[PDB]
């Protein structure tokens, strides 16, 4: 039933105009199915007929369920959605079950269908026009335009969520104690009443909606745990995510890979790692919705990663606002981190892993910090507050990094957990030059045009090395020189360089890098007893640095 609720005024992007796309005939059985559906959808008031001064259209489609000989209208809105105004998405992620408190009585209503019942602004209506072919091209054509939010349109989700909100406004203030989450198709309702007074409010609310055209299937006997909500199974003192299975097939069409990314974008939020780059890219062009598109080498690879990603159950307990929030983090190795957020020991609210960095040179203490940061934000989004941290690092290790590191850095209040592998700095550079250790004056250069270069040093004892290099850069050679000096040196050494690039890398105390060279340096530095790096400008002729290179 078309709601008597005010319509949200919609507009087309400035300058742009309604869709003019015209479709081609399909099949006799389909052109006949459409007519039958369209006499059904015209019955109530969802859609209407027009054919005089409507000069727009949108592609039309009739598919079938692989379960029965039934065909339903798919209308392709990909075009209109490009010329339709943006709506602001007032959602900063999707609800997380672990952010739910327990309720004696819980019901989940089905409003999947309610959008078809919310009216569409009158003016924007003429742009939802679509026309179906004719059997053997007999009749001129059937022109239809929608009266309600069309399935698949851009603003359907936004205007319905917005309308559902206003409709619920009165009922939420009248019953300030029952909690009502609304996320598209589901409607979570939970109160701490006995089953019956709650079943009353339920029908009481099932009527309030009916009063505004929103007819919600009669299933208030959804008191039969578990309850299904948003892809989660809500048990009495536990919740589990229903496993998601991605369709694995031979050939793929535009409609299929599109529908695939759709559900992936869904799982991407419950599960981490879901990457949808390689796939979505196969939507190039204005290619028909039902046209087979071959999955590239990355598309089959990416679908494989995602598939093994969500291959296990996820579980947790509910939130208790009385108790504190504890988060614990462990170093998994190979730049991987694990964590658990709980209130009671071993009864986790949420668990997860953290994924290194998109840079080059890094370090455990740093890695750990970003991890704390990620958890803090995630916790504030889910619970509204930062959690207490249990970390595998001494208060002394952090004090050393927090004072010798040149960038502001901070970690909330934490407790040290004595569980290996502990995180620590693997070496410290010396602050003062070392007396008695041989001083190496390193340097290295390269020819940009031929990529050929050389790195070497010249110590005080008179020692001098010079190795020729193939396909390298000035930065690589400058680091290689630092490397020579460190191979050909005792337990203690002094290195003087003209490379500011290099000074900065080694001075940030990396313990793992992308550059094999840098790693070899790391590996080397750990083996030393006292290292001292010193900088001095170049082409100024300083020390012996000027008397290093010949070429």
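Positions refer to the first chain, counted from 1.
Comparing 89-97 with 257-265, the stretch with the higher mean C-alpha B-factor in the PDB entry is 257-265. Looking at mean Cα B-factors across 333-341 and 218-226, the upper value is held by 218-226. Set against one another, the Cα B-factors of 364, 378, 302, 415 in the record reach their highest point at 302.
Highest CA B-factor among 325, 283, 120, 467, as stated in the entry: 283. In the deposited entry, the Cα temperature factor of residue 454 places it in the middle third of its chain's modelled residues. In this PDB entry, residue 169 carries a Cα temperature factor that places it within the lowest third of its chain's modelled residues. In this PDB entry, residue 232 carries a Cα temperature factor that places it within the lowest third of its chain's modelled residues. The PDB entry assigns residue 353 a C-alpha temperature factor belonging to the middle third of its chain's modelled residues. Among the modelled residues of its chain, residue 523 has a C-alpha B-factor that falls in the middle third according to the deposited record.
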